[PDB]
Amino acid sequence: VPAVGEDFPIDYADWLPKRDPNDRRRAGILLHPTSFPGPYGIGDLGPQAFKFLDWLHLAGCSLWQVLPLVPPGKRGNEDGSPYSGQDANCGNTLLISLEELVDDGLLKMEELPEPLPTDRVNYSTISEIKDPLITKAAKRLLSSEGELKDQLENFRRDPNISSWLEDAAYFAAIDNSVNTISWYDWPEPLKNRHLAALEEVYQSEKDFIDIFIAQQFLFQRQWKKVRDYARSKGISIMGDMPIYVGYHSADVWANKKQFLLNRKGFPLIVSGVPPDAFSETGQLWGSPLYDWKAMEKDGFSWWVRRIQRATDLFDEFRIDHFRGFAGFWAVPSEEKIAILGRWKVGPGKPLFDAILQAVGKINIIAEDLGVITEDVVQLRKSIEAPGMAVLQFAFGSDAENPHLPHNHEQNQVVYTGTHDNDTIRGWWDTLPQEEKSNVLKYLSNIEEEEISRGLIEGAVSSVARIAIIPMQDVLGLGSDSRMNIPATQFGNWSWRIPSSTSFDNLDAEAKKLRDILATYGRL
């Protein structure tokens, strides 16, 4: 620009305010792919994934949120949980479409099971039915010599893929063969990764390891087709990364120095949260904790790889318990409750600077719920990450409750509720009378019969640049359709869109969402 008082160019008034496309207002639907309908006991990355994306596009949604896509819990008290991953980087092979494998010629139509009961995932039977079919497809791929074989070889040898996949495959092979509760009790040559012991595992467990890798390839190829189709329809996919990983995983076993373990590989201190204004007990989670000091010394190489894999799967993703990056609660591993721990200093912004330097700009959503400290807020703003608002948490205190729409900010994500909340209708049904009248006053004395439209419109009309609705709320469902009740160990993660509902029968629901997206500028 010229000197003060001098002429601007003739065209000055054409220099209109800049609108960063990273600020675009968007709406999305939360729907885990297990919840897709179909005849094979669980949703998959097949025909219904494309039908869903067409319905999202018809509704004018530009985002799809999923839970972690990792191989879930197999213990009887977390069966199907996306948050009890066996591995941080692998894909859940139960999401592999039997129909897409028939198209590939890796399965025969004849080998597909007869139609299975359609309304809920049965996690105690689904692996016994699908696992042998996915294994069969992986064996046919390994013995083939065409296009798909070449792609498998390119995947296997890719430096980003092999950096997690080799360790995950050998871990699964040793776990399968040794079958102790944890790698802490493996024979010393396997526990401490003797080069010679690992070469002998590949000799004795070759078919297990090649099959494990081919299954991860079949997942990768299906997911990339879904993500390519999403992008073709203007849809971004938002994933979900828990800050911590499980002890019994390749993540810890093949990267022991990244964690605070004693000399025998047992965790010194484990994760949780202390008591606060809302909890008398706090929570003992019991994950191992990162050696953030040793990580800083190698430029956070372990976290950089974890983020690289996440950007391979997702356009953007939430980090659960984001506050752990500023400060984290650490319980001595011998303790049975949360109270006896201490706050430690998290890595803060340098972790994010190292990620930006190695991977470039990533779109992270900070899960920043509950009682957090000013350093958490400062860290989040310093990296310009959006936090979360959840409307189901907004109406039970006073007008300073940060979840109320007049307290929202532009760089934020607003939900009606997450996978951890009841549906809007279920929440409403158990809500005290005093909170209900408070909800109805706030939404400008709207009628109680319209609570769902009320909360959906309250999320969509927010200044928050992303609004997310659970699919259950679009379908008008009650408590029977809740994805998770926190701290219960049965009937979670099993909700599916019922057989009587199909995406081609949801035109009215699409139109109703699209009209409010148009009004509130999210198209």
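All residue numbers refer to positions in the sequence shown, first residue = 1.
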query	finding
At least a third of the other entries leave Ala277 unmodelled	yes
Check: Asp158 without coordinates in a third or more of other entries	no
Between 224 to 232 and 335 to 343 (mean CA B-factor, as deposited), the higher	335 to 343
Which of 93 to 101 and 425 to 433 has higher mean CA B factor, as the PDB entry lists it	425 to 433
Top residue by Cα temperature factor, when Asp315, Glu145, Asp320, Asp185 are compared in the entry	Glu145
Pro402, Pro386, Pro267, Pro113, ranked by C-alpha B-factor: the highest one	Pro113
Among modelled residues of the same chain, the CA temperature factor third for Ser481	middle
CA B-factor placement of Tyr290, once the chain's modelled residues are sorted into thirds	lowest
Among modelled residues of the same chain, the CA temperature factor third for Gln472	middle
Chain thirds of CA B-factor: placement of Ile451	highest
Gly246 CA temperature factor, ranked by third within the chain	lowest
